[PDB]
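The structure appears below as structure tokens.
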Amino acid sequence: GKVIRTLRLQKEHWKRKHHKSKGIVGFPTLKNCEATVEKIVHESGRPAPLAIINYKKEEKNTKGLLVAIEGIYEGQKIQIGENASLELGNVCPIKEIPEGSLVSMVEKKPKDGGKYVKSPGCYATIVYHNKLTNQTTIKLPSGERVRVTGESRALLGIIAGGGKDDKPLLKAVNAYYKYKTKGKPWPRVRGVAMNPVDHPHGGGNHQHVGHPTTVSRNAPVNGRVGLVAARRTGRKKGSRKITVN
RNA sequence: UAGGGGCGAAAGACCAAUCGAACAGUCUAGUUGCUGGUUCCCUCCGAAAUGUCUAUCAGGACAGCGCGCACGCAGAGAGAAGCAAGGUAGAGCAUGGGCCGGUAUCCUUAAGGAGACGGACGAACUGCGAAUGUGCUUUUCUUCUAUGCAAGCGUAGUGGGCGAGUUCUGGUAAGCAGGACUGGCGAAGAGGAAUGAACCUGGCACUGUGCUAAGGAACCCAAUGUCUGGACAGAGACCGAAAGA
RNA sequence: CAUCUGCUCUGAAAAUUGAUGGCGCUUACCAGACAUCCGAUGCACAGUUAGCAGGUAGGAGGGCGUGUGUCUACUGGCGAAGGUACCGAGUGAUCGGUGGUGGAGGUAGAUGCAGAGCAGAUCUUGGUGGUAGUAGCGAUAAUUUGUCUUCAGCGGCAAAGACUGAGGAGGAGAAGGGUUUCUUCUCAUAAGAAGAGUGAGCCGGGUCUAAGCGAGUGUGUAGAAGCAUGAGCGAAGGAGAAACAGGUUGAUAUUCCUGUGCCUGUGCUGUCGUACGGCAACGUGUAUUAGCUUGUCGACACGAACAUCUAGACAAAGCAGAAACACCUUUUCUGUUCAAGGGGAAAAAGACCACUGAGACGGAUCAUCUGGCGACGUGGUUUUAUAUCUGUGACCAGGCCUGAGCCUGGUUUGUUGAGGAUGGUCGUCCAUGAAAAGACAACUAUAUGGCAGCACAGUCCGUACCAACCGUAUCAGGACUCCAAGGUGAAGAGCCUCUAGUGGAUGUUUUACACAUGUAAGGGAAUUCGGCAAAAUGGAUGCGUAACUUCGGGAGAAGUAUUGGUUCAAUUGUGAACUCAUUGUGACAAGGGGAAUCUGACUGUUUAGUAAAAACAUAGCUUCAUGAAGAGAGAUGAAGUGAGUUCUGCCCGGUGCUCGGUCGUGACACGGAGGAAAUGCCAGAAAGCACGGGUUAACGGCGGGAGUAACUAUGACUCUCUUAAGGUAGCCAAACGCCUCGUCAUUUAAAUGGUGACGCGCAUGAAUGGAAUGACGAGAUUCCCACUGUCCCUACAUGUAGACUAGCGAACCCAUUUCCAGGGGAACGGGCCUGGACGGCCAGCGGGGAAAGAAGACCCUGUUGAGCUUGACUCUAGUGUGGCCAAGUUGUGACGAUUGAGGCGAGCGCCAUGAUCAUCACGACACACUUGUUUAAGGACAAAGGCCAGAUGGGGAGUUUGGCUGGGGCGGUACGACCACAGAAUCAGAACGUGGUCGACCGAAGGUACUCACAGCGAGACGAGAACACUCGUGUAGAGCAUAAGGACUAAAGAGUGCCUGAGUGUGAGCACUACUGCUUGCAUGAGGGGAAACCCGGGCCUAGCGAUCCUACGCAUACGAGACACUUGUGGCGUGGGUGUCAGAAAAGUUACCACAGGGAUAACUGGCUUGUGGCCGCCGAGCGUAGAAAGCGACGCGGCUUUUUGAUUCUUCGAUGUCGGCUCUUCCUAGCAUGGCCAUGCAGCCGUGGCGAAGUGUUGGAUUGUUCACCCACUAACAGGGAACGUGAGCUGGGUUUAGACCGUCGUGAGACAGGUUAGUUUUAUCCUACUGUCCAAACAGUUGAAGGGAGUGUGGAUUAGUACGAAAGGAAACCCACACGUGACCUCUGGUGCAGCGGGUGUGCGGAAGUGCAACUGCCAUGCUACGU
RNA sequence: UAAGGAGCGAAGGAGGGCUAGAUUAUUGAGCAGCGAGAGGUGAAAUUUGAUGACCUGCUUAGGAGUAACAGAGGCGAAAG
């Protein structure tokens, strides 16, 4: 047969375009700074708003981008790095923040610029500090617990734009605007409605799959469709998670 | 974004009147056990549609039947006369299978059974047995025979057949399917059955005079009349049963 | 009288008209005989001749002709070759001469070399016919008259008549074209030839940057591709310094000329400058370069309402000129202009500054709103149009003259108003709506800078025209944009007009059949698969509006009434009166409505060119995988179901996916033992596999049999088999039910239909999603109201073609000689044989030419393909897993490998610890390697490369998927062997002919020598019986012989008993159609067997139990071995084993309804032919039955025929094509007689019937369900018989069924896919030829006639009278003449319907100044003549 | 007014809403010790344990609750 939809959309001419982008998002590199928030802006592909910051490096003014936490305003002064106060919207070394606190834009290793929590409405929880090894345990929004060194930086607050998934998209055109900038195929034609030249689920005198939909992790790429390496299937209840800090 | 690739609100849709794999050009005069065609005259000879093996059944090869060149040469698609083998037609029912009825007598019953016998029968019953056909010897056995036979060598076509008379098997039968024997049409014209591949007479270089065949002889149409019996039905010359006055 | 033989007779019925061959024959027949004649390519005689003589496929011998070579002989201007008429020679292929034409070359003989002879190939190229002066040439607005040319153009010009109608058939640009544009001449004409024509600082290109492309360099590659970075490039419609009026040419113009300007720079001469004002909001002053830095401009979505301006359009008055006047009118028409640049208001809308000090309150918008972070008020500051003036006069209208110049006007007011411009507000979004070049301000330094005059400069390329573009063209198609008047009306709708633009194949009143349209008595879907098509409804205003519902909707529900003109009131609500001959959204424009069911939620999308859908999409719902990112779990990808409401039961046995451990297996490397060494051997061994768990909103799956309740039925209850679990809740003859047209109710006169119920449901059912509704479908289906030419049943009229005529002018197709009936024939003839008939012409028509299209698409065959699937065969990319490979450095412990000095148990193995090399975790440093944490972080790990080895692998690649066969498939095996039967008494001998057997078994069931029988039957012998052991007599096999069938065997070949391993070893010859195989037989040998010996034995009493080349295993002796020699491996020879059952021997699964190619009537799906089982119809006999009684009527059990209208059986004709079911329409034939006419019998009183005979003239209907033929009901009737003609009839129609490609359901399949199972959507081409048929002319002067031959026509019902009669116990109950009607036939318009071309009238919208006369769009009342039936 | 409503003074109650804290207990994980059974009942089986249960230490993570004092005691319109 021919090449499936899933492979074609991974070729280079289909990658997302950057022509409307504001810049690369991430923290400054300097040990200490005082910054001012210049503007709060929407960026074409992203639902969380961005804040433009201004800080001096040598004598010269320089500009950066952060993801906005909820409760900043244009004109606010913010303090970055060691010796910053625990005030909403400051950036601090993680070892300085008390247990049970909520944080965003956490660095996985020092000076990486911030990864981890970046989507609207999300946060992470500080669950443990180890005074020997200088590690800290953070609980991520998937439920995963990960350990990071005390020298990493983090932003104090919750990411702006929460609640967005409460309102249903009642019409086809509303879905159109949401997926127009994403990589997923919309509208999505079902594999059982294709001919066998186009998809492993195609063909036959009734619409059916005909073979089990759970497939191996090591299966060849042009036929790896369906539920890939599923441990279980169906709507029944699972089992207890195992937890360590 | 480009061909075993694209693109698809999915129809195998669309990608320059081309898409269940584009166009241009080359390899390439790709291959073909299958269809079509294959160019002058006269003379002489003249088939086969069967057997064995084949991923064989619309094809091959080997053998059998033609022709050419021919070393050589007592032979013959016919009879007699001695001699073998055969189990069909007819005939029979003696081992085996198998239908109906029995006198005297016998056994029991007071029923039935057996029976000295008669009638009816078999592709896989036989005690007897033809005609026709087959083989052996003898030219020291009639009759024919050189314009004849012919080892050997080289090489062709053929390997869908069909029909008549006599017979057979399967089938209600069939211008049906399948065998055997002797001549045909295939590859055969001419005269006759009004017409007809195969039926009757009878086998063809080219002319002329006579005669016959088969079939005809009022007229169409070359040749026709006679004698004796039957027969009356718009009958017969061409044409159907059991049953009948 | 009874039998038998001959001829006649009865049994004896088929579809166009018919066949002893015809006409005829009764003395042309049947049977028995007789005469002699006619008749072959045969026979006789005679010529010619080698004479011996037919011939396909095929084979051989001798000759004729063509282009060129070598030689010999000749020839041509006193006319060569060629070509054309005649004449001679040869059996023939061919050859020779004569007369005209032609104008320079040509042969005869013998040999040599070949591109060496045509009727055909749907042959190749070129040229020409018939058809044929024919088919056609005419969609759109429309044309007439005069006059000149033209020389014969509806060409030009005047006057009329029309049309596009400002979302134009008008005026311009772009893409595309490229001289098509202008002048002259000529026809050569959508034709040529010769010239001429496009002028810029201010218009556009050359500039900037979007999405993006990229030279070079780095890395890579055999070279490439690719990847990282990046000079340069990327918009004639995005950003982008500065121009406008009026004139002029045959053709250019914001480009030329005149006038008035502007931008960017340069230079001269004058003339001034180095600062101030306001509480402030800010002003006055035309101001230099340069630089940091901060900001602004360039610089931006959609939608709605409200202001203001400008084009435009109206109406009054003034003047100037036009139109109209039988009448009337100060009625009607055209005009009334002002650019860029300069100067400049009031106004409206917002910002802001000073004073002031406000509320349970003031201000303010069409709408939101607004104020102590300062309201109202009073005075100011600033930003954004426009009117008006100047632009020095141009331009327009009119008058007077004129081959030129003068003169006069261009004045005032009101209403409205964009489809253009601008301003400040408001709404929407999980969508927030480009960059850069180039500018400007503030701040800091620095200063000869501003203005006026005059002068200079600004390169290069494009510039004509389009109705001329792409479709083979002068093609009804396609193709990016701009400007836009008046009336009617909501409206750049339709209809009518102004500005501007427009047109030719000719004449004829022109039948039939058409194509676009009108109208119709009475009836109203009766029509048809189906209301398909048409009709009906229609705008605005008011009254009045149901079920159900997600509460939004349904809803314009439905149902009803009103509407013109005039003259008034009243001011947006509307009222009232008067008036008209059909009435008023008058033309144009403009919904039919209701009740239910199946199905998809909705708007949206799709097979360009047969499918618009129930299919796809969609919002919502659920599952899966991941902490990797230029992205970071409210994320990023993969699947399934299909909005909302309400539910979503049970199963982890199989298959898959996933998790955990090894107990076993499982590669290469790395080790070990041995040997002179190679080859082998042993260990070792990840992941996988196996094993144990999880998982169905994963693939999917979800039962049988018996009994049992006070009538019968049914079974809550019991028992029994069975499993992974035995279909829960719901729903149903449903788009899913075979039987099936299921049963009951309702709808109709009548229901294969619809709806409601019921349910052991062939084969319903739960995100392979189940069930109940709303709103919305060009979706499928049933019914009702309105409405109608769909129909009964057709008639009349209009336009355009068509017929005839002038001008112009083709194609398909074609072996052609073409009237029928029967016969035969390749089984349906135009042509052949025997009969019936025989002409040409013009216009129509569709019976035939199995008419033309196109090497049948269905079906089979080919050792021909391609797309797609998987549990087919053999490989492969990707993904995982192991060991090894760039000398990192140094610590600690550990297991392991190798050998000593210790200890235990009757020097052994076992237990202690001490030295020698690798080596697995763990630490701590920095040097390889990694990362924009980069003057940095990690770190010998990772990540990325390389060489070998295992695992997985329809993601892909190649290929295969036997044969015979009463077509193929499914089934069997007639595919290798053996016996019997038949195949007309040797042997042989076919069919999916008949009855069967084989793929082995046995140390004896083999070899030998000797002994004796057997199966039964008749007597005996205790228990002991039907049947126990023992005896005597008979006993030709009635028994046995392992295993089919046949043959064979008696002191044995059978049953016993003894001994043996001949079921030896070498090597020959033969038989069965004879290779393999099986058997028969010769000679030589054994320290061979059995027997006294003669004799016998190298398997089974005989006929069946089996297999090549190459490779490999074993036995046997004799060989070979590379320069030489020794050994371990190897190679030769003979013979046996390991195996091919498709058995004279390849290594192999499906599907195509998406399909291709070569062929086949060697072979299926129609018709025809042969047959007639089965279907239908008729005879013979007489057992019984009929109230008696064979036979009025019947007729068992048996027996003989006919028919082709049923279905089989067979495969002769057609696969380079004979259009396939039913209906509609129309004609003819048959009889086996339903009605109607004449008769005979009766169990015939009469009435009504029943059985038969001669007879085919005239009849045999309207409907409901269904695609039906068929069936079954209702209504009528004299009666509602049965059939044929290529299952009559598609260049006659229709297209409901079946049978291409889309899609749903059930059952089957792992799947692609299947299903004489159900459902819905699905392109019907061409006559102009010949012949037939229908009419028309000629053959046939004119007037009057004749009648050969051909055609043919009237059929039936009722009433009255006989008559309440005959006849019958009664009840009942018949038989001419006359009159009324229906159907059919032929005519006719006096009457009555219908139609409206000629004729008279009326109104609506808009044109010609009014009235009168009238155009266009079309509407409407009456109606001559004519034609017609619903009339006579 | 030994009818009602407004108000003053000192005091009492598990009456109600909110904010910030608490002693144990029951489960779950981590690590350490030990080396065979634990659980449950009238009596037992499903079941769990050498991948170390049970029991004893130390760490942690959550979400409920307020024992004994506590009564013919108190409060509220009742539910509480």
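Going by the structure tokens order, chains are called A, B, ..., each with residues numbered from 1, while ligands are numbered from 1 in the order shown.
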
Check: which chain A residues lie within 6 Å of chain C using only C-alpha atoms (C1' of nucleotides), as JSON, numbers by chain: {"A": [111, 116, 120, 142, 164, 170, 171, 172, 177, 211, 212, 213, 214, 218, 220, 222, 226, 227, 230, 231, 232, 234]}

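In chain B, the set of residues within 12 Å of chain A (atoms considered: only C-alpha atoms (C1' of nucleotides)) is residues 1, 3, 4, 5, 6, 7, 8, 9, 10, 11, 12, 13, 20 and 21 of chain B.
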
Spatial neighbours of residue C:492, 10 Å, only C-alpha atoms (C1' of nucleotides), chain gap at least 4 places, as a PyMOL selection string: chain C and resi 166-167+419+484

Contacts of chain D with chain A up to 12 Å, shortest pair per row, only C-alpha atoms (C1' of nucleotides), as a tab-separated table:
```
residue	atom	partner	partner_atom	distance
D:28	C1'	A:242	CA	9.0
D:29	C1'	A:243	CA	6.5
D:30	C1'	A:244	CA	7.5
D:60	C1'	A:245	CA	9.6
D:61	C1'	A:243	CA	9.1
```

Can you spit out the residues from that selection as a PDB file, in the first residue's frame, using N, CA and C atoms (P, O5', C5', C4', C3', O3' and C1' of nucleotides)?
```
ATOM      1  P     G D  28      -1.964  -1.403  55.432  1.00  0.00           P
ATOM      2  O5'   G D  28      -1.130  -0.532  54.358  1.00  0.00           O
ATOM      3  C5'   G D  28      -1.818  -0.015  53.175  1.00  0.00           C
ATOM      4  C4'   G D  28      -1.035   1.125  52.575  1.00  0.00           C
ATOM      5  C3'   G D  28       0.478   0.963  52.595  1.00  0.00           C
ATOM      6  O3'   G D  28       0.847  -0.041  51.650  1.00  0.00           O
ATOM      7  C1'   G D  28      -0.107   3.180  53.184  1.00  0.00           C
ATOM      8  P     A D  29       2.389  -0.529  51.597  1.00  0.00           P
ATOM      9  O5'   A D  29       2.978   0.508  50.521  1.00  0.00           O
ATOM     10  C5'   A D  29       4.385   0.520  50.278  1.00  0.00           C
ATOM     11  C4'   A D  29       4.931   1.918  50.408  1.00  0.00           C
ATOM     12  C3'   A D  29       6.348   1.950  50.973  1.00  0.00           C
ATOM     13  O3'   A D  29       7.315   1.605  49.986  1.00  0.00           O
ATOM     14  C1'   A D  29       5.057   3.586  52.037  1.00  0.00           C
ATOM     15  P     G D  30       8.182   0.279  50.289  1.00  0.00           P
ATOM     16  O5'   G D  30       9.487   0.907  51.005  1.00  0.00           O
ATOM     17  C5'   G D  30      10.200   1.976  50.317  1.00  0.00           C
ATOM     18  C4'   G D  30      10.945   2.846  51.302  1.00  0.00           C
ATOM     19  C3'   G D  30      11.961   2.152  52.206  1.00  0.00           C
ATOM     20  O3'   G D  30      13.107   1.708  51.465  1.00  0.00           O
ATOM     21  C1'   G D  30      10.751   3.782  53.432  1.00  0.00           C
ATOM     22  P     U D  60       9.673  12.784  60.666  1.00  0.00           P
ATOM     23  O5'   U D  60       9.311  13.302  59.190  1.00  0.00           O
ATOM     24  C5'   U D  60       7.967  13.080  58.717  1.00  0.00           C
ATOM     25  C4'   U D  60       7.966  12.287  57.434  1.00  0.00           C
ATOM     26  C3'   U D  60       6.592  12.270  56.756  1.00  0.00           C
ATOM     27  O3'   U D  60       6.447  13.346  55.840  1.00  0.00           O
ATOM     28  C1'   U D  60       7.337  10.057  57.029  1.00  0.00           C
ATOM     29  P     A D  61       5.256  14.359  56.218  1.00  0.00           P
ATOM     30  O5'   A D  61       4.108  13.984  55.157  1.00  0.00           O
ATOM     31  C5'   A D  61       4.488  13.489  53.851  1.00  0.00           C
ATOM     32  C4'   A D  61       3.311  12.761  53.252  1.00  0.00           C
ATOM     33  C3'   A D  61       1.949  13.254  53.726  1.00  0.00           C
ATOM     34  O3'   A D  61       1.623  14.391  52.939  1.00  0.00           O
ATOM     35  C1'   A D  61       2.015  10.884  53.789  1.00  0.00           C
TER      36        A D  61
END
```

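One finds atom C1' of residue C:860 at 7.8 Å from atom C1' of residue C:1164.
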
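The spacing separating atom CA of residue A:121 from atom CA of residue A:49 amounts to 11.6 Å.
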
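Secondary structure of stretch 177-228 of chain A, strand (DSSP E or B) only (DSSP, backbone atoms): residues 214, 215, 227 and 228 of chain A.
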
Keeping N, CA, C and O atoms for every residue in the selection just given, could you write it to a file as a PDB file, in the first residue's frame?
```pdb
ATOM      1  N   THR A 214      -4.673  -3.412  20.106  1.00  0.00           N
ATOM      2  CA  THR A 214      -3.485  -3.249  20.936  1.00  0.00           C
ATOM      3  C   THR A 214      -2.267  -3.745  20.159  1.00  0.00           C
ATOM      4  O   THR A 214      -2.244  -4.907  19.769  1.00  0.00           O
ATOM      5  N   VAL A 215      -1.252  -2.881  19.948  1.00  0.00           N
ATOM      6  CA  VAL A 215      -0.071  -3.226  19.148  1.00  0.00           C
ATOM      7  C   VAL A 215       1.206  -3.114  19.979  1.00  0.00           C
ATOM      8  O   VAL A 215       1.234  -2.395  20.963  1.00  0.00           O
ATOM      9  N   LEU A 227      -3.897   1.344  19.920  1.00  0.00           N
ATOM     10  CA  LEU A 227      -3.401   1.538  21.274  1.00  0.00           C
ATOM     11  C   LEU A 227      -2.009   0.914  21.419  1.00  0.00           C
ATOM     12  O   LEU A 227      -1.856  -0.303  21.469  1.00  0.00           O
ATOM     13  N   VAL A 228      -0.974   1.763  21.457  1.00  0.00           N
ATOM     14  CA  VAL A 228       0.400   1.286  21.400  1.00  0.00           C
ATOM     15  C   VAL A 228       0.859   0.935  22.810  1.00  0.00           C
ATOM     16  O   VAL A 228       0.815   1.773  23.706  1.00  0.00           O
TER      17      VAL A 228
END
```

All residues 12 Å or closer to stretch 176-190 of chain B, only C-alpha atoms (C1' of nucleotides), same chain fewer than 3 positions away omitted, as a PyMOL selection string: (chain B and resi 46-49+132-133+161-171+173+197-199+201-204) or (chain C and resi 40-42+54-57+966+982-984+988-991+993+1170-1171+1209-1212)

Surrounding residues of residue A:9 excluding itself and chain neighbours under 3 positions, 9 Å, only C-alpha atoms (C1' of nucleotides), as a list in words: residues 5, 6, 12, 13, 14, 15, 183, 184 and 185 of chain A

Residues of stretch 32-184 of chain A in alpha helix (DSSP H), written as a VMD selection string: chain A and resid 172 to 179

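The shell of residues at most 12 Å from residue C:816, with only C-alpha atoms (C1' of nucleotides) counted and near chain neighbours (fewer than 2 positions) removed, consists of residues 814, 818, 830, 831 and 1330 of chain C.
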
Residues at most 12 Å from residue C:356, counting only C-alpha atoms (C1' of nucleotides), excluding those fewer than 4 positions away in the same chain, as a PDB file with C-alpha atoms (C1' of nucleotides), in the first residue's frame?
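Writing done, so here's around-v8.pdb:
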```pdb
ATOM      1  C1'   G C 374     -13.144  66.788  41.184  1.00  0.00           C
ATOM      2  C1'   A C 375     -20.183  67.555  39.002  1.00  0.00           C
ATOM      3  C1'   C C 376     -22.981  71.651  37.133  1.00  0.00           C
ATOM      4  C1'   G C 377     -21.346  76.647  35.957  1.00  0.00           C
ATOM      5  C1'   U C 378     -18.104  81.033  34.046  1.00  0.00           C
TER       6        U C 378
END
```

Between atom CA of residue A:125 and atom CA of residue A:148, distance in Å (one decimal): 12.7 Å

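Among the candidates A:153, A:11, A:180, A:60, the one nearest to residue A:112 when counting only C-alpha atoms is A:153.
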